[PDB]
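*Asks:* If you scroll down you'll find the structure; I have some questions about it.
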Amino acid sequence: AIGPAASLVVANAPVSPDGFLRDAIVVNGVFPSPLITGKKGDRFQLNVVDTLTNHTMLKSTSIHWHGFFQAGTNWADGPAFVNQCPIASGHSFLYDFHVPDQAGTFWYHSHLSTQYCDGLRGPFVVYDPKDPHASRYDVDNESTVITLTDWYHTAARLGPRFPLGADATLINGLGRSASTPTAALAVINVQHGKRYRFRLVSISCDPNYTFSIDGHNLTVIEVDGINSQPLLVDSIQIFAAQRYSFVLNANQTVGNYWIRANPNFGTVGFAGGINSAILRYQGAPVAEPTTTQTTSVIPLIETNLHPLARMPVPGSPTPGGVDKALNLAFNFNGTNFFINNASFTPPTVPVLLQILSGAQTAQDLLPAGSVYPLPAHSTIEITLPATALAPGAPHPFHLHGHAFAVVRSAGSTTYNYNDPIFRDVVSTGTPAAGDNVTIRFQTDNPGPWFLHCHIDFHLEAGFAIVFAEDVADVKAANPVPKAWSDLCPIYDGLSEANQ
Ligand SMILES: *[C@@H]1O[C@H](CO)[C@@H](O[C@@H]2O[C@H](CO)[C@@H](O)[C@H](O)[C@H]2NC(C)=O)[C@H](O)[C@H]1NC(C)=O
Ligand SMILES: *[C@@H]1O[C@H](CO)[C@@H](O[C@@H]2O[C@H](CO)[C@@H](O)[C@H](O)[C@H]2NC(C)=O)[C@H](O)[C@H]1NC(C)=O
Ligand SMILES: *[C@@H]1O[C@H](CO)[C@@H](O[C@@H]2O[C@H](CO)[C@@H](O)[C@H](O)[C@H]2NC(C)=O)[C@H](O)[C@H]1NC(C)=O
Ligand SMILES: *[C@@H]1O[C@H](CO)[C@@H](O)[C@H](O)[C@H]1NC(C)=O
Ligand SMILES: *[C@@H]1O[C@H](CO)[C@@H](O)[C@H](O)[C@H]1NC(C)=O
Ligand SMILES: *[C@@H]1O[C@H](CO)[C@@H](O)[C@H](O)[C@H]1NC(C)=O
Ligand SMILES: [Cu+2]
Ligand SMILES: [Cu+2]
Ligand SMILES: [Cu+2]
Ligand SMILES: [Cu+2]
């Protein structure tokens with residue numbers, strides 16, 4: 001682990017996590033990217049050094065620290081052309097921010113086009129010295145972080161615009177493909193009688209995974225960085241970018257158990273040990289498990305999750321009972337996704353720079369039709385109805401700069417204005433279920449923040465909008481460092497081949 005002060009050297013290198021060699025993007029020489037850690041209250045100083053040389057996976061880069069509110073540091077959020085111009089090859093840029101009021105399981109990834117799928121993605125854990133759940137487990141460290149990665153044998157910009165599934169599922173950076181049946185499997189070691197806090201992170205570019213561990217039940221205690229009341233489950237369907245912490249009591253008979261992560265599409269199932277990993281108790285023989293998968297009888301259901309501390313829902317307990325309600329109508333035309341008739345295309349001047357340059361209204365901000373000003377200190381309700389006009393469902397939507405209350409979850413017709421879970425990535429479900437996912441949050445964080453589908457190939461095809469929150473306080477709330485002001489002039493001088 002590295003952090004909270006560290007340098008991240010981004011570069012290209014050939015990797016073979018599933019035994020197939022391909023050029024990719026590594027950070028500090030490895031893939032997935034290294035685990036970054038800190039404690040609640042720390043100042044994070046992450047120096048990103050861009051030494052990328054391959055234009056096909058892009059030589060420029062930008063990094064987003066997924067889940068952090070970035071209050072006062074909107075310039076360090078990461079989205080290229082929203083919060084900064086990309087960092088150029090041969091240059092570095094220091095992301096400097098604090099995390100005073102958050103703790104839990106997060107992750108970081110490139111936020112420039114589809115570059116994170118090419119390798120720039122890794123876990124990020126912020127420990128809480130006074131964790132309210134600390135008495136529930138014995139072990140919580142770098143060896144208890146589990147990443148789920150969708151891996152492609154063809155580079156993101158060389159493949160189809162909407163890939164039909166990954167070549168392999170990697171658990172802790174290792175897995176088998178259906179062309180590499182003998183590659184090494186990841187092994188997670190546990191000691192009989194100990195309790196482990198496993199921090200499950202989906203760093204997926206697309207598929208959702210149905211996760212389970214043979215012969216063991218799991219106690220969920222954290223959801224996208226938010227502590228939850230303990231919930232016993234035997235399987236977890238986790239969408240791209242979501243995170244869960246669960247307690248595993250290693251009290252079963254010493255042996256080898258399969259860890260399973262089945263994708264929703266692509267090569268499903270476990271033939272040959274694909275989409276799997278190994279849970280090995282100390283004392284067990286070095287061998288592949290022979291355990292069988294049991295039907296899930298207590299699967300995780302989002303409406304059964306509730307925050308550990310009271311988190312009141314903003315607004316009145318009635319539909320549209322808020323200061324500003326917005327319905328997002330999705331559409332797709334064969335190549336691009338649209339929200340309310342607008343497909344997001346990155347502007348030449350980052351939205352935050354537009355705002356600092358004098359742009360204050362919707363018709364002043366670019367791109368036109370995709371930027372929505374939100375009033376300060378108000379309650380907001382957003383509905384994201386599933387629809388057949390937007391293929392590739394269920395679409396996991398994510399909001400930058402905030403955590404939100406999930407008033408109505410996918411697969412449920414009820415509204416919970418009392419104690420719903422708060423989180424930062426939510427599945428919007430499917431039109432067959434008649435879903436109308438409803439979320440609420442308050443505007444307490446001035447700046448332009450992205451709201452988009454976390455399937456990266458869909459974001460690239462325009463499935464996003466920008467909220468320009470409290471436009472009048474943006475400049476004063478977010479003083480920018482000189483190094484950030486230099487990024488656009490540097491990037492704009494690049495020829496297309498060096499981008
Ligand atoms: C730059 O990166 C790209 C993408 O990873 C590499 O693309 C490979 O190109 C070869 C030859 O055209 C193909 O056979 C491979 O299938 C491509 N790989 C992938 C992962 O798609 C390219 O080789 C890299 N360039 C250099 C000089 O290393
Ligand atoms: C995982 O938890 C489930 C809870 O539903 C356990 O299943 C129940 O186990 C008790 C055994 O005392 C039975 O009486 C119930 O009928 C079970 N039934 C089902 C399918 O609901 C399961 O045993 C737990 N597994 C482990 C490995 O602890
Ligand atoms: C999803 O829920 C939203 C919010 O309740 C629905 O939009 C509201 O629909 C009613 C019409 O019956 C109007 O009174 C509101 O003005 C609508 N819009 C907004 C912005 O609030 C939306 O129709 C629901 N969609 C589906 C498919 O059920
Ligand atoms: C394992 O511990 C769990 C609690 O996490 C409990 O349900 C059960 O009593 C234990 N089973 C064994 C094999 O001891
Ligand atoms: C989809 O709309 C985008 C954005 O306007 C446009 O560039 C593209 O031509 C459209 N695609 C089709 C297949 O019509
Ligand atoms: C999108 O444009 C169509 C065609 O004019 C219009 O009928 C519809 O109201 C628009 N959708 C939204 C949500 O604005
Ligand atoms: Cu993200
Ligand atoms: Cu984010
Ligand atoms: Cu999507
Ligand atoms: Cu994002």
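Residues in the structure tokens are named by chain (A, B, ... in the order shown) and by number from 1 within that chain; ligands are numbered from 1 in the order shown.
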Set out as a Markdown table a contact list for chain A and ligand 3 with a cut-off of 12 Å, giving each residue of chain A that qualifies its closest atom pair and distance in Å to one decimal, counting only C-alpha atoms and all ligand atoms, ordered by chain and rising residue number.

*Replies:*
```
| residue | atom | partner | partner_atom_place_in_ligand_line | distance |
| --- | --- | --- | --- | --- |
| A:318 | CA | ligand 3 | 5 (O) | 9.4 |
| A:319 | CA | ligand 3 | 5 (O) | 5.6 |
| A:320 | CA | ligand 3 | 21 (O) | 5.9 |
| A:321 | CA | ligand 3 | 21 (O) | 9.7 |
| A:322 | CA | ligand 3 | 21 (O) | 10.2 |
| A:323 | CA | ligand 3 | 21 (O) | 11.4 |
| A:324 | CA | ligand 3 | 20 (C) | 8.7 |
| A:325 | CA | ligand 3 | 20 (C) | 5.4 |
| A:326 | CA | ligand 3 | 20 (C) | 4.4 |
| A:327 | CA | ligand 3 | 20 (C) | 4.1 |
| A:328 | CA | ligand 3 | 20 (C) | 7.8 |
| A:329 | CA | ligand 3 | 25 (N) | 8.6 |
| A:330 | CA | ligand 3 | 27 (C) | 10.6 |
| A:340 | CA | ligand 3 | 20 (C) | 11.0 |
| A:380 | CA | ligand 3 | 20 (C) | 10.9 |
| A:381 | CA | ligand 3 | 21 (O) | 8.4 |
| A:382 | CA | ligand 3 | 4 (C) | 7.8 |
| A:383 | CA | ligand 3 | 2 (O) | 5.4 |
| A:384 | CA | ligand 3 | 1 (C) | 6.9 |
| A:385 | CA | ligand 3 | 27 (C) | 5.2 |
| A:386 | CA | ligand 3 | 27 (C) | 7.0 |
| A:387 | CA | ligand 3 | 27 (C) | 7.4 |
| A:388 | CA | ligand 3 | 27 (C) | 10.6 |
| A:389 | CA | ligand 3 | 27 (C) | 11.7 |
| A:407 | CA | ligand 3 | 2 (O) | 11.4 |
| A:408 | CA | ligand 3 | 2 (O) | 9.9 |
| A:409 | CA | ligand 3 | 1 (C) | 12.0 |
| A:410 | CA | ligand 3 | 1 (C) | 12.0 |
| A:413 | CA | ligand 3 | 28 (O) | 10.2 |
| A:415 | CA | ligand 3 | 5 (O) | 10.7 |
| A:428 | CA | ligand 3 | 1 (C) | 11.3 |
| A:429 | CA | ligand 3 | 27 (C) | 11.8 |
| A:430 | CA | ligand 3 | 27 (C) | 10.7 |
| A:431 | CA | ligand 3 | 27 (C) | 8.4 |
| A:432 | CA | ligand 3 | 27 (C) | 11.1 |
| A:433 | CA | ligand 3 | 27 (C) | 10.5 |
| A:434 | CA | ligand 3 | 27 (C) | 6.8 |
| A:435 | CA | ligand 3 | 28 (O) | 7.0 |
| A:436 | CA | ligand 3 | 1 (C) | 4.9 |
| A:437 | CA | ligand 3 | 1 (C) | 7.5 |
| A:438 | CA | ligand 3 | 2 (O) | 7.3 |
| A:439 | CA | ligand 3 | 4 (C) | 10.4 |
| A:440 | CA | ligand 3 | 4 (C) | 11.8 |
```

*Asks:* Could you give me, as CSV, every region 4-62 of chain A residue with an atom at most 12 Å from region 201-209 of chain A, plus its closest atom pair and distance in Å to one decimal, counting only C-alpha atoms, rows ordered by chain then number?

*Replies:*
```
residue,atom,partner,partner_atom,distance
A:31,CA,A:203,CA,11.8
A:32,CA,A:203,CA,9.1
A:33,CA,A:203,CA,10.4
A:35,CA,A:201,CA,11.3
```

*Asks:* Kindly export the residues of the current selection with N, CA, C and O atoms, as a CSV table (one decimal), in the first residue's frame.

*Replies:*
```csv
chain,number,residue,atom,x,y,z
A,31,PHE,N,-0.6,-3.9,-12.3
A,31,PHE,CA,-2.0,-3.8,-12.7
A,31,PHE,C,-2.7,-4.9,-11.9
A,31,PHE,O,-2.1,-6.0,-11.9
A,32,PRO,N,-3.8,-4.7,-11.3
A,32,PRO,CA,-4.5,-3.4,-11.2
A,32,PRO,C,-3.6,-2.4,-10.5
A,32,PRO,O,-2.6,-2.7,-9.9
A,33,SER,N,-4.1,-1.1,-10.4
A,33,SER,CA,-3.2,-0.1,-9.8
A,33,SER,C,-3.1,-0.4,-8.3
A,33,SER,O,-4.0,-1.0,-7.7
A,35,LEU,N,-3.0,-0.3,-4.3
A,35,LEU,CA,-3.8,0.1,-3.2
A,35,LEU,C,-3.2,1.4,-2.5
A,35,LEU,O,-2.1,1.5,-2.1
```

*Asks:* Write out as a tab-separated table the residues of chain A that have any atom within 12 Å of an atom of ligand 7, one row each with the nearest atom pair and its distance in Å to one decimal, counting only C-alpha atoms and all ligand atoms, sorted by chain and then rising number.

*Replies:*
```
residue	atom	partner	partner_atom_place_in_ligand_line	distance
A:63	CA	ligand 7	1 (Cu)	9.6
A:64	CA	ligand 7	1 (Cu)	6.8
A:65	CA	ligand 7	1 (Cu)	7.4
A:66	CA	ligand 7	1 (Cu)	4.8
A:67	CA	ligand 7	1 (Cu)	7.4
A:68	CA	ligand 7	1 (Cu)	10.1
A:77	CA	ligand 7	1 (Cu)	10.3
A:78	CA	ligand 7	1 (Cu)	9.7
A:79	CA	ligand 7	1 (Cu)	9.4
A:106	CA	ligand 7	1 (Cu)	9.2
A:107	CA	ligand 7	1 (Cu)	7.6
A:108	CA	ligand 7	1 (Cu)	7.0
A:109	CA	ligand 7	1 (Cu)	6.7
A:110	CA	ligand 7	1 (Cu)	8.5
A:111	CA	ligand 7	1 (Cu)	7.6
A:112	CA	ligand 7	1 (Cu)	11.1
A:114	CA	ligand 7	1 (Cu)	11.7
A:116	CA	ligand 7	1 (Cu)	9.6
A:117	CA	ligand 7	1 (Cu)	11.7
A:120	CA	ligand 7	1 (Cu)	11.6
A:121	CA	ligand 7	1 (Cu)	9.4
A:122	CA	ligand 7	1 (Cu)	10.8
A:123	CA	ligand 7	1 (Cu)	11.2
A:124	CA	ligand 7	1 (Cu)	11.9
A:201	CA	ligand 7	1 (Cu)	11.4
A:202	CA	ligand 7	1 (Cu)	10.0
A:203	CA	ligand 7	1 (Cu)	8.3
A:204	CA	ligand 7	1 (Cu)	9.6
A:205	CA	ligand 7	1 (Cu)	9.4
A:206	CA	ligand 7	1 (Cu)	11.7
A:224	CA	ligand 7	1 (Cu)	11.2
A:239	CA	ligand 7	1 (Cu)	11.6
A:240	CA	ligand 7	1 (Cu)	8.5
A:241	CA	ligand 7	1 (Cu)	5.8
A:242	CA	ligand 7	1 (Cu)	8.8
A:243	CA	ligand 7	1 (Cu)	11.0
A:396	CA	ligand 7	1 (Cu)	10.6
A:397	CA	ligand 7	1 (Cu)	9.8
A:398	CA	ligand 7	1 (Cu)	7.2
A:399	CA	ligand 7	1 (Cu)	8.8
A:400	CA	ligand 7	1 (Cu)	8.1
A:401	CA	ligand 7	1 (Cu)	11.1
A:424	CA	ligand 7	1 (Cu)	9.3
A:425	CA	ligand 7	1 (Cu)	8.5
A:426	CA	ligand 7	1 (Cu)	11.9
A:450	CA	ligand 7	1 (Cu)	10.1
A:451	CA	ligand 7	1 (Cu)	10.3
A:452	CA	ligand 7	1 (Cu)	9.3
A:453	CA	ligand 7	1 (Cu)	9.4
A:454	CA	ligand 7	1 (Cu)	6.5
A:455	CA	ligand 7	1 (Cu)	9.5
A:456	CA	ligand 7	1 (Cu)	9.1
A:459	CA	ligand 7	1 (Cu)	10.8
```

*Asks:* Any idea what's packed within 8 Å of region 261-263 of chain A, counting only C-alpha atoms, ignoring anything in its chain fewer than 5 positions away? Could you give it as an mmCIF file with N, CA, C and O atoms, in the first residue's frame?

*Replies:*
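part-v2.cif, written as the output of this step:
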```cif
data_model
loop_
_atom_site.group_PDB
_atom_site.id
_atom_site.type_symbol
_atom_site.label_atom_id
_atom_site.label_comp_id
_atom_site.auth_asym_id
_atom_site.auth_seq_id
_atom_site.Cartn_x
_atom_site.Cartn_y
_atom_site.Cartn_z
ATOM 1 N N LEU A 148 -12.654 -6.724 -8.290
ATOM 2 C CA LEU A 148 -13.269 -7.517 -9.372
ATOM 3 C C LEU A 148 -13.003 -6.708 -10.650
ATOM 4 O O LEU A 148 -13.433 -5.549 -10.669
ATOM 5 N N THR A 169 -12.551 -12.566 -16.085
ATOM 6 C CA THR A 169 -12.886 -11.914 -14.829
ATOM 7 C C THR A 169 -11.636 -12.066 -13.985
ATOM 8 O O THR A 169 -11.121 -13.206 -13.838
ATOM 9 N N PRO A 207 -19.602 -5.134 -16.928
ATOM 10 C CA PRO A 207 -20.447 -6.126 -16.311
ATOM 11 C C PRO A 207 -20.649 -5.951 -14.820
ATOM 12 O O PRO A 207 -19.795 -5.401 -14.124
ATOM 13 N N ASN A 208 -21.803 -6.466 -14.393
ATOM 14 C CA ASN A 208 -22.068 -6.511 -12.940
ATOM 15 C C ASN A 208 -21.686 -7.958 -12.588
ATOM 16 O O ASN A 208 -21.618 -8.828 -13.474
ATOM 17 N N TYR A 209 -21.410 -8.259 -11.337
ATOM 18 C CA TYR A 209 -21.045 -9.598 -10.941
ATOM 19 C C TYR A 209 -21.933 -10.096 -9.796
ATOM 20 O O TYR A 209 -22.329 -9.334 -8.918
ATOM 21 N N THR A 210 -22.187 -11.395 -9.847
ATOM 22 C CA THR A 210 -22.959 -12.011 -8.734
ATOM 23 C C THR A 210 -21.859 -12.705 -7.953
ATOM 24 O O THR A 210 -21.252 -13.683 -8.415
ATOM 25 N N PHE A 211 -21.544 -12.194 -6.783
ATOM 26 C CA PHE A 211 -20.457 -12.659 -5.947
ATOM 27 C C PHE A 211 -20.875 -13.564 -4.798
ATOM 28 O O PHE A 211 -21.831 -13.260 -4.084
ATOM 29 N N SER A 212 -20.119 -14.641 -4.603
ATOM 30 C CA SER A 212 -20.456 -15.542 -3.475
ATOM 31 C C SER A 212 -19.248 -16.408 -3.187
ATOM 32 O O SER A 212 -18.326 -16.507 -3.989
ATOM 33 N N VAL A 268 -20.251 -16.685 -19.075
ATOM 34 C CA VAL A 268 -20.775 -16.937 -17.728
ATOM 35 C C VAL A 268 -20.521 -18.340 -17.222
ATOM 36 O O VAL A 268 -20.152 -19.246 -17.977
ATOM 37 N N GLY A 269 -20.661 -18.522 -15.903
ATOM 38 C CA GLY A 269 -20.433 -19.845 -15.340
ATOM 39 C C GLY A 269 -19.002 -20.014 -14.893
ATOM 40 O O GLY A 269 -18.200 -19.070 -14.879
ATOM 41 N N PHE A 270 -18.685 -21.220 -14.405
ATOM 42 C CA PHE A 270 -17.391 -21.517 -13.838
ATOM 43 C C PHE A 270 -16.605 -22.647 -14.462
ATOM 44 O O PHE A 270 -15.674 -23.158 -13.839
ATOM 45 N N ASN A 275 -13.925 -17.120 -13.872
ATOM 46 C CA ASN A 275 -14.771 -16.329 -12.989
ATOM 47 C C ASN A 275 -14.690 -16.757 -11.538
ATOM 48 O O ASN A 275 -15.651 -16.619 -10.790
ATOM 49 N N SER A 276 -13.530 -17.256 -11.110
ATOM 50 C CA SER A 276 -13.357 -17.755 -9.774
ATOM 51 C C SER A 276 -12.004 -17.419 -9.181
ATOM 52 O O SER A 276 -11.043 -17.058 -9.833
#
```

*Asks:* Throw together the list of residues within 10 Å of ligand 2, counting only C-alpha atoms and all ligand atoms, and drop it here as a VMD selection string.

*Replies:* chain A and resid 213 to 218 232 to 234 249 251 to 252 294 to 299

*Asks:* Sorted by chain and rising residue number, list the residues of region 10-104 of chain A at most 12 Å from region 130-139 of chain A (counting only C-alpha atoms), each with its closest atom pair and distance in Å to one decimal, as a tab-separated table.

*Replies:*
```
residue	atom	partner	partner_atom	distance
A:39	CA	A:130	CA	10.2
A:40	CA	A:130	CA	9.4
A:41	CA	A:130	CA	11.8
A:102	CA	A:131	CA	11.1
A:103	CA	A:131	CA	8.6
A:104	CA	A:131	CA	9.4
```

*Asks:* In Å to one decimal, how far is CA of residue 24 (chain A) from atom 21 (O, counted along the ligand's line) of ligand 1?

*Replies:*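 The value is 8.8 Å.
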
*Asks:* Within 8 Å of residue 258 (chain A), counting only C-alpha atoms, which residues show up once you throw out same-chain ones fewer than 2 positions away? Write them as a list in words, please.

*Replies:*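 Here the qualifying residues turn out to be residues 213, 214, 256, 260, 276, 277, 278, 279, 289, 290 and 291 of chain A.
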
*Asks:* Applying 9 Å and only C-alpha atoms, which residues near residue 50 (chain A) remain after dropping the ones on its own chain fewer than 6 positions away? List them as a VMD selection string.

*Replies:* chain A and resid 8 to 11 59 to 61 87 to 93

*Asks:* Using N, CA, C and O atoms, can you write the selected residues to a file as a CSV table (one decimal), in the first residue's frame?

*Replies:*
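Listing of out02.csv after writing:
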```csv
chain,number,residue,atom,x,y,z
A,8,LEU,N,2.5,8.4,-8.2
A,8,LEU,CA,1.9,7.3,-9.0
A,8,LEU,C,2.5,7.5,-10.4
A,8,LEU,O,2.1,8.5,-11.1
A,9,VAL,N,3.4,6.7,-10.8
A,9,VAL,CA,4.0,6.8,-12.2
A,9,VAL,C,3.2,5.9,-13.1
A,9,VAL,O,3.1,4.7,-13.0
A,10,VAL,N,2.5,6.6,-14.1
A,10,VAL,CA,1.7,5.9,-15.0
A,10,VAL,C,2.5,5.6,-16.3
A,10,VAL,O,3.2,6.5,-16.8
A,11,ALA,N,2.4,4.4,-16.8
A,11,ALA,CA,3.2,4.1,-18.0
A,11,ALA,C,2.6,2.9,-18.7
A,11,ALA,O,1.6,2.3,-18.2
A,59,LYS,N,-1.9,9.0,-24.5
A,59,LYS,CA,-0.7,9.4,-23.7
A,59,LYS,C,-1.1,10.3,-22.6
A,59,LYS,O,-0.3,10.5,-21.6
A,60,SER,N,-2.2,11.0,-22.7
A,60,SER,CA,-2.6,11.9,-21.6
A,60,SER,C,-3.4,11.1,-20.6
A,60,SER,O,-3.9,10.0,-20.9
A,61,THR,N,-3.7,11.7,-19.4
A,61,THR,CA,-4.5,11.0,-18.4
A,61,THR,C,-5.1,12.0,-17.4
A,61,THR,O,-4.7,13.1,-17.4
A,87,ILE,N,-3.7,15.6,-18.0
A,87,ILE,CA,-2.3,15.8,-17.7
A,87,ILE,C,-1.6,15.2,-19.0
A,87,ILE,O,-2.1,14.3,-19.6
A,88,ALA,N,-0.5,15.9,-19.4
A,88,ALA,CA,0.1,15.4,-20.7
A,88,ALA,C,1.3,14.5,-20.4
A,88,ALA,O,1.9,14.7,-19.3
A,89,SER,N,1.7,13.7,-21.3
A,89,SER,CA,2.8,12.8,-21.2
A,89,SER,C,4.1,13.6,-21.0
A,89,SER,O,4.3,14.6,-21.6
A,90,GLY,N,5.0,13.2,-20.1
A,90,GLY,CA,6.2,13.9,-19.8
A,90,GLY,C,6.0,15.0,-18.7
A,90,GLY,O,6.8,15.7,-18.3
A,91,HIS,N,4.7,15.1,-18.1
A,91,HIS,CA,4.4,16.0,-17.1
A,91,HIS,C,3.8,15.4,-15.9
A,91,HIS,O,3.4,14.2,-15.9
A,92,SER,N,3.7,16.1,-14.8
A,92,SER,CA,3.1,15.6,-13.6
A,92,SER,C,2.1,16.6,-13.0
A,92,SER,O,2.1,17.7,-13.4
A,93,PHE,N,1.3,16.1,-12.1
A,93,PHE,CA,0.2,17.0,-11.6
A,93,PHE,C,-0.1,16.5,-10.2
A,93,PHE,O,-0.4,15.3,-10.0
```

*Asks:* Do a neighbour search on region 464-474 of chain A at 8 Å with only C-alpha atoms, toss out local chain neighbours closer than 6 positions, and write the hits as an MDAnalysis selection string.

*Replies:* chainID A and resid 82 338:339 343:344 355:356 360 370:376 443 445:453
